[PDB]
Each structure stands twice: as C-alpha cells, then as structure tokens.
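I have placed the structure first, in the form of structure tokens, so that the comments after it can refer back to it.
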Amino acid sequence: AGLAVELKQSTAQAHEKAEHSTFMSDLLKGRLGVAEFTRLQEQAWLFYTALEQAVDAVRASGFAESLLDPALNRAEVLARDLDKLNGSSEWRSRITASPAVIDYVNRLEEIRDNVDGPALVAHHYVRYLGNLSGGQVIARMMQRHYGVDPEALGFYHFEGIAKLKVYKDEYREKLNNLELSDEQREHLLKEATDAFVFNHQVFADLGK
Ligand code: HEM
C-alpha cells in the first residue's frame, strides 16, 4: 500500500495533534481574532516563501516535476491577502520570523541548496495537500467567526485549479508513481514527520 497512503498513515497522529494546538484550537473556535489570524499568515508568508524557493530548485532539477505544479504557489497570494488584512504593505518591513520559523526556513533553505528532492516532496505534501484538502474548513471558520472578507482568504482558494477533489486524487497518484529507492522513501517519510514537528513549533510560538 503505496506512498500516499503511507504518508497519511505515518503522519495521522501528528495531523490530529495539529488540530489541537492551543493557538489553532483557540483560533478555529472563535476565541482569538483577525489580528491573530494575520500574525499566522505573516509567519506563513515567511515559510511559504522559503518553501517555494526549494520547490523551484527541485522542479528545475527534474525531480517530481508534475507534482510540483507552480499553480500551487501561495507566497504572492499570501502577500496580497496580507496587504488587505494589514491595510498596507508596511508589514513586510515590520515582520520578524519567530524562532520556530527560523528553524523551519533554515531546513527549507538546506533542502533548496542541496536540491534534496525526496525531502522537498515531504514538505510539499504537508503544506499543499493539507491546504488543497482541508484549507476550506479553516477559511470558512475565519469568515464565520471573525468576518474575514473572502478576498483576504486567497491563500485558501487555489485560483487556476477548478476541480480540487479530482486534483487531490491526481496529486496522490503522482506521489504513488514517484520513483524512489528504499533510502529515498525513508528519508521522505522522516521528513514528513519533521515537517509536522516544525509546524507544531510555529503554532506554539504563535500561542506564546
Ligand atoms: C498543522 C496545520 C496542518 C497541517 C500541516 C495539515 C496537513 C494536512 C495534510 C498533509 C492533509 C492531507 C492528509 C492526506 O490525505 O494525506 C490534511 C488533510 C486534511 N486536514 Fe489538515 N493540516 C493542518 C491542520 C488542520 C486543521 C486545523 C484542520 C481542521 C479540522 C484540518 C483538516 C483537514 C482535513 C479535513 C483534511 C482532508 C482529509 C485528508 O486529506 O486526510 N487540518 N491536512
């Protein structure tokens, strides 16, 4: 039972922990506010920027090309959302990576500079399949609990992909068809675990 399934199984426990961080739990249940959502999206712009440099490098190397669809790119969409949420472009010169984000960005830059395809695919799975798959729930809760304008929720929209359910199915088939060795597969799986570890610390730092 192939890679897509093994990824899901392998990270299922971490995914469930992710739903329950104090920050995310509090956010989704209405206990926070648009300001806290904006702080999250600012950190996310930082790590999606880094992620997408690593994706560009890996795609250019010819690994997992069809998986690494540039239509998934989130950083510029995020910046447009952040221009709406903050009311201006002034965030870019005020924002600072949290310590958790420094660690995560450093890993992403390591993957980039090593052109580590298997490692990159792990982080691509955790970031993009998560959004493609469940981001709509988060966006609905930001609208319903805090009145965020959907124009500021572009991050969750995948402009340019129509049929998201089919896209998800195809994304999994690409994972299943990747040519990996036993060593590349274990590295990818470990990395997907580490990805959830990084995300957990980002949320913890947001919650402080
Ligand atoms: C820590 C931030 C999160 C990350 C990195 C993340 C990651 C992911 C990933 C990788 C998937 C794909 C699982 C798979 O099918 O292989 C996924 C799916 C999903 N996530 Fe999240 N998730 C996060 C938080 C959340 C939250 C807070 C919710 C709200 C309940 C949520 C709801 C869902 C839903 C409904 C799916 C679709 C079913 C699935 O693909 O398994 N996620 N998420």
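Going by the structure tokens order, chains are called A, B, ..., each with residues numbered from 1, while ligands are numbered from 1 in the order shown.
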Residues within 8 Å of ligand 1 (only C-alpha atoms and all ligand atoms), as an MDAnalysis selection string?
chainID A and resid 4:5 7:9 11:12 15:20 24:25 28 125:135 137:138 172 195:196 199:200 203
Store the residues picked out above in a file with N, CA and C atoms, as a short mmCIF file (atom, residue, chain, number, x, y, z; two decimals), in the first residue's frame.
```
data_model
loop_
_atom_site.label_atom_id
_atom_site.label_comp_id
_atom_site.auth_asym_id
_atom_site.auth_seq_id
_atom_site.Cartn_x
_atom_site.Cartn_y
_atom_site.Cartn_z
N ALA A 4 1.32 7.53 -0.92
CA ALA A 4 0.27 8.44 -0.47
C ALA A 4 -0.37 7.92 0.80
N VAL A 5 -0.72 6.63 0.79
CA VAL A 5 -1.28 6.01 1.97
C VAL A 5 -0.31 5.98 3.11
N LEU A 7 2.24 8.01 3.67
CA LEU A 7 2.30 9.39 4.18
C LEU A 7 1.16 9.73 5.13
N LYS A 8 -0.07 9.48 4.69
CA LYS A 8 -1.23 9.74 5.52
C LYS A 8 -1.12 8.98 6.86
N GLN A 9 -0.88 7.67 6.80
CA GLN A 9 -0.83 6.84 7.99
C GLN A 9 0.24 7.27 8.92
N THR A 11 1.63 10.16 9.32
CA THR A 11 1.51 11.47 9.90
C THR A 11 0.17 11.66 10.53
N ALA A 12 -0.69 10.62 10.56
CA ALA A 12 -2.03 10.81 11.04
C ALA A 12 -2.06 11.31 12.49
N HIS A 15 -1.12 14.94 12.55
CA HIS A 15 -2.20 15.77 11.99
C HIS A 15 -3.25 16.00 13.03
N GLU A 16 -3.53 14.98 13.80
CA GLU A 16 -4.55 15.11 14.84
C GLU A 16 -4.03 16.04 15.93
N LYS A 17 -2.72 16.01 16.23
CA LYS A 17 -2.15 16.89 17.25
C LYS A 17 -2.22 18.32 16.75
N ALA A 18 -2.06 18.49 15.45
CA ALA A 18 -2.08 19.82 14.81
C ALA A 18 -3.46 20.49 14.95
N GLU A 19 -4.50 19.71 14.89
CA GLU A 19 -5.84 20.26 15.02
C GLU A 19 -6.03 20.82 16.43
N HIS A 20 -5.25 20.31 17.39
CA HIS A 20 -5.42 20.62 18.81
C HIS A 20 -4.34 21.50 19.43
N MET A 24 -4.16 27.10 17.46
CA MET A 24 -5.04 26.77 16.35
C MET A 24 -6.39 26.44 16.87
N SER A 25 -6.44 25.70 17.99
CA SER A 25 -7.71 25.34 18.61
C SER A 25 -8.50 26.63 18.97
N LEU A 28 -9.70 28.56 15.72
CA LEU A 28 -10.77 27.95 14.99
C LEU A 28 -12.11 28.02 15.77
N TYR A 125 3.97 17.83 0.31
CA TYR A 125 2.82 17.08 0.78
C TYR A 125 2.22 17.77 2.01
N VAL A 126 3.03 18.04 3.03
CA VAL A 126 2.46 18.50 4.30
C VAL A 126 1.81 19.86 4.14
N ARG A 127 2.40 20.73 3.29
CA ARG A 127 1.90 22.11 3.15
C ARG A 127 0.68 22.15 2.17
N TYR A 128 0.93 21.73 0.95
CA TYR A 128 -0.08 21.89 -0.11
C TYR A 128 -1.21 20.89 -0.05
N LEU A 129 -0.98 19.60 0.22
CA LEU A 129 -2.07 18.67 0.21
C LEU A 129 -2.98 19.07 1.38
N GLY A 130 -2.38 19.53 2.51
CA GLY A 130 -3.12 19.97 3.67
C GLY A 130 -4.11 21.07 3.27
N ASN A 131 -3.59 22.08 2.57
CA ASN A 131 -4.46 23.18 2.12
C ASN A 131 -5.48 22.75 1.10
N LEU A 132 -5.04 22.00 0.11
CA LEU A 132 -5.88 21.56 -1.01
C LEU A 132 -7.00 20.75 -0.53
N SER A 133 -6.74 20.04 0.58
CA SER A 133 -7.58 19.00 1.15
C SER A 133 -8.54 19.52 2.23
N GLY A 134 -8.05 20.35 3.18
CA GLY A 134 -8.79 20.87 4.35
C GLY A 134 -8.78 22.38 4.64
N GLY A 135 -8.08 23.13 3.78
CA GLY A 135 -7.98 24.55 3.97
C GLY A 135 -9.34 25.22 3.94
N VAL A 137 -12.01 24.44 5.35
CA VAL A 137 -12.60 24.47 6.67
C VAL A 137 -12.05 25.64 7.45
N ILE A 138 -10.73 25.88 7.38
CA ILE A 138 -10.14 26.96 8.09
C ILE A 138 -10.71 28.30 7.55
N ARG A 172 -2.25 12.55 -5.27
CA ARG A 172 -1.91 11.23 -4.67
C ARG A 172 -1.37 10.22 -5.67
N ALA A 195 8.36 17.82 9.23
CA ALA A 195 7.54 18.93 8.78
C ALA A 195 6.45 19.24 9.75
N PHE A 196 5.71 18.21 10.23
CA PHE A 196 4.70 18.43 11.21
C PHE A 196 5.30 18.93 12.53
N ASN A 199 5.85 22.65 12.07
CA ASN A 199 4.56 23.35 12.13
C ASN A 199 4.06 23.45 13.58
N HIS A 200 4.26 22.38 14.36
CA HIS A 200 3.79 22.40 15.72
C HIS A 200 4.52 23.52 16.47
N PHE A 203 3.12 26.97 15.67
CA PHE A 203 1.90 27.26 16.36
C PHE A 203 2.16 27.53 17.83
#
```
All alpha helix (DSSP H) positions in region 9-203 of chain A, as a ChimeraX atom specification
/A:9-19,22-28,34-61,75-86,91-94,99-114,117-124,130-146,164-177,182-203
Put those residues in a file: C-alpha atoms, as a tab-separated table (two decimals), in the first residue's frame.
```
chain	number	residue	atom	x	y	z
A	9	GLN	CA	-0.83	6.84	7.99
A	10	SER	CA	2.57	7.93	9.02
A	11	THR	CA	1.51	11.47	9.90
A	12	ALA	CA	-2.03	10.81	11.04
A	13	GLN	CA	-1.17	11.18	14.69
A	14	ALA	CA	0.73	14.45	14.09
A	15	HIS	CA	-2.20	15.77	11.99
A	16	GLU	CA	-4.55	15.11	14.84
A	17	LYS	CA	-2.15	16.89	17.25
A	18	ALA	CA	-2.08	19.82	14.81
A	19	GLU	CA	-5.84	20.26	15.02
A	22	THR	CA	-3.70	25.83	21.85
A	23	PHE	CA	-3.25	28.56	19.21
A	24	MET	CA	-5.04	26.77	16.35
A	25	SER	CA	-7.71	25.34	18.61
A	26	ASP	CA	-8.36	28.81	20.04
A	27	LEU	CA	-8.33	30.39	16.58
A	28	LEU	CA	-10.77	27.95	14.99
A	34	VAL	CA	-8.40	38.71	12.92
A	35	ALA	CA	-5.20	40.07	14.48
A	36	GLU	CA	-4.07	36.58	15.50
A	37	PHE	CA	-5.05	35.18	12.04
A	38	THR	CA	-2.94	37.93	10.47
A	39	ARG	CA	0.05	37.00	12.68
A	40	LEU	CA	-0.29	33.42	11.43
A	41	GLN	CA	-0.47	34.45	7.81
A	42	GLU	CA	2.66	36.63	8.28
A	43	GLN	CA	4.68	33.67	9.55
A	44	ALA	CA	3.17	31.53	6.79
A	45	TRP	CA	4.31	34.08	4.13
A	46	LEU	CA	7.84	33.64	5.54
A	47	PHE	CA	7.89	29.86	5.35
A	48	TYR	CA	5.95	29.59	2.04
A	49	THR	CA	8.45	31.99	0.50
A	50	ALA	CA	11.27	29.69	1.59
A	51	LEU	CA	9.35	26.56	0.65
A	52	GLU	CA	8.71	27.85	-2.83
A	53	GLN	CA	12.43	28.57	-3.46
A	54	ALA	CA	13.13	24.92	-2.55
A	55	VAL	CA	10.29	23.77	-4.79
A	56	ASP	CA	11.68	25.86	-7.69
A	57	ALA	CA	15.14	24.35	-7.23
A	58	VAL	CA	13.82	20.74	-7.09
A	59	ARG	CA	11.49	21.21	-10.06
A	60	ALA	CA	14.36	22.68	-12.02
A	61	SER	CA	16.42	19.52	-11.26
A	75	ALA	CA	3.53	33.22	-1.32
A	76	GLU	CA	2.39	36.01	-3.68
A	77	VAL	CA	-1.33	35.23	-2.94
A	78	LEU	CA	-0.45	35.41	0.76
A	79	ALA	CA	1.20	38.80	0.30
A	80	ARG	CA	-1.95	40.08	-1.39
A	81	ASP	CA	-4.03	38.77	1.47
A	82	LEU	CA	-1.68	40.43	3.95
A	83	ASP	CA	-1.92	43.78	2.12
A	84	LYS	CA	-5.70	43.53	2.71
A	85	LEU	CA	-5.53	42.28	6.32
A	86	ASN	CA	-2.98	44.93	7.46
A	91	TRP	CA	4.01	44.57	7.28
A	92	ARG	CA	6.90	43.47	5.08
A	93	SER	CA	9.37	45.70	6.94
A	94	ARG	CA	7.91	45.07	10.44
A	99	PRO	CA	12.29	31.23	16.40
A	100	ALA	CA	10.22	28.27	15.17
A	101	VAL	CA	10.04	29.84	11.73
A	102	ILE	CA	13.80	30.46	11.62
A	103	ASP	CA	14.34	26.76	12.21
A	104	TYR	CA	11.80	25.79	9.56
A	105	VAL	CA	13.12	28.27	6.99
A	106	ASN	CA	16.71	27.03	7.63
A	107	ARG	CA	15.58	23.47	6.85
A	108	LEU	CA	13.83	24.60	3.69
A	109	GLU	CA	16.98	26.51	2.61
A	110	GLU	CA	19.02	23.38	3.26
A	111	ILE	CA	16.70	21.37	1.05
A	112	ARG	CA	16.87	24.09	-1.59
A	113	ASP	CA	20.65	24.32	-1.64
A	114	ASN	CA	21.11	20.53	-1.51
A	117	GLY	CA	14.04	16.05	-3.94
A	118	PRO	CA	12.68	13.47	-1.52
A	119	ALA	CA	12.88	15.87	1.37
A	120	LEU	CA	11.18	18.59	-0.66
A	121	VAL	CA	8.30	16.31	-1.70
A	122	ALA	CA	7.64	15.61	2.04
A	123	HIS	CA	7.28	19.28	2.84
A	124	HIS	CA	5.19	19.81	-0.33
A	130	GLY	CA	-3.12	19.97	3.67
A	131	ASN	CA	-4.46	23.18	2.12
A	132	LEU	CA	-5.88	21.56	-1.01
A	133	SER	CA	-7.58	19.00	1.15
A	134	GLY	CA	-8.79	20.87	4.35
A	135	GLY	CA	-7.98	24.55	3.97
A	136	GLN	CA	-11.63	25.28	3.10
A	137	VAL	CA	-12.60	24.47	6.67
A	138	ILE	CA	-10.14	26.96	8.09
A	139	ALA	CA	-11.32	29.65	5.62
A	140	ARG	CA	-14.97	29.05	6.48
A	141	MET	CA	-14.20	29.48	10.19
A	142	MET	CA	-12.28	32.72	9.60
A	143	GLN	CA	-15.33	34.06	7.70
A	144	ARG	CA	-17.93	32.83	10.17
A	145	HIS	CA	-16.21	33.56	13.49
A	146	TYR	CA	-14.24	36.74	12.61
A	164	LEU	CA	-10.00	20.41	-6.34
A	165	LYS	CA	-11.33	16.90	-5.47
A	166	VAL	CA	-10.00	15.49	-8.70
A	167	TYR	CA	-6.79	17.48	-8.25
A	168	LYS	CA	-6.27	15.86	-4.88
A	169	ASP	CA	-6.80	12.38	-6.39
A	170	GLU	CA	-4.26	13.17	-9.11
A	171	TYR	CA	-1.81	14.59	-6.57
A	172	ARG	CA	-1.91	11.23	-4.67
A	173	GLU	CA	-1.41	9.29	-7.89
A	174	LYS	CA	1.68	11.36	-8.58
A	175	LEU	CA	3.01	10.52	-5.10
A	176	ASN	CA	2.34	6.83	-5.78
A	177	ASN	CA	4.14	6.94	-9.14
A	182	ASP	CA	14.23	2.41	-0.12
A	183	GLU	CA	16.59	5.04	1.30
A	184	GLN	CA	14.86	7.94	-0.52
A	185	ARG	CA	11.50	6.70	0.72
A	186	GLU	CA	12.55	6.51	4.39
A	187	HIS	CA	14.15	9.99	4.11
A	188	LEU	CA	10.89	11.36	2.67
A	189	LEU	CA	8.85	9.76	5.38
A	190	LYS	CA	11.12	11.05	8.15
A	191	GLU	CA	11.00	14.46	6.64
A	192	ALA	CA	7.20	14.49	6.57
A	193	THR	CA	7.23	13.80	10.26
A	194	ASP	CA	9.74	16.62	10.78
A	195	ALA	CA	7.54	18.93	8.78
A	196	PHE	CA	4.70	18.43	11.21
A	197	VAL	CA	7.21	18.97	14.04
A	198	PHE	CA	8.21	22.35	12.56
A	199	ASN	CA	4.56	23.35	12.13
A	200	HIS	CA	3.79	22.40	15.72
A	201	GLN	CA	6.53	24.69	16.95
A	202	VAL	CA	5.32	27.54	14.75
A	203	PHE	CA	1.90	27.26	16.36
```
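Proximity ranking of A:163, A:156, A:33, A:205 relative to residue 73 (chain A) places A:156 first, based on only C-alpha atoms.
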Using CA of residue 157 (chain A) and CA of residue 89 (chain A) as the two end points, give the distance in Å to one decimal.
21.3 Å
Nearest to residue 62 (chain A), restricted to only C-alpha atoms and choosing among A:178, A:88, A:151, A:74, comes out as A:178
